[PDB]
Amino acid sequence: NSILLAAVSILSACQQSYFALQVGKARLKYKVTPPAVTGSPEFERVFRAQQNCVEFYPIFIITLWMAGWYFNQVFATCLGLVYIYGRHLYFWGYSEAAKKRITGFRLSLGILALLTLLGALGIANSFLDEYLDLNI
């Protein structure tokens, strides 16, 4: 009963890995050898890009599964895919120019804030169903 959620989660974790590869690729192109995190405009953008995806990734996974379990698996899955796409736009946009990230960032944050809300409703909804009412 969590098969779709699990599918989205492994994709999402591939996008994360693939983002991390791109950063390792930039350390070669722009000659930023560890433990450096600065030394090229081009590199600083690609680095901070994924860093942003890393710091939001746990938030997304929690909200995805909580909406997924407690409200509707299929809707959460779809919003999940939208988020994946939002972060593709974020990363590649940011990589080009800092200013070109916002479209990516706004839709990712949208979908997140939405999953949060659907999760919270679904949890509240089930909190009544372990007290009396199951709203239909």
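Numbers for residues come from their place in the sequence shown, where the first is 1.
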| query | Do the CA atoms of 124 to 132 or those of 6 to 14 have the higher mean B-factor in the entry? | reply | 124 to 132
| task | Consider only the C-alpha atoms of the modelled residues in this chain, order them by B-factor as the entry records it, and name the third containing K100: lowest, middle or highest. | result | highest
| task | Relative to the other modelled residues of the same chain, rank the CA B-factor of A49 and answer lowest, middle or highest third. | result | lowest
| note | Sorting the chain's modelled residues by C-alpha B-factor and splitting them into thirds places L109 in the highest
| task | Place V32 in the lowest, middle or highest third of its chain's C-alpha B-factors, as listed in the PDB entry. | result | middle
| request: State the tercile, meaning the lowest, middle or highest third, of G39 with respect to the CA B-factors recorded for its chain. | output: highest
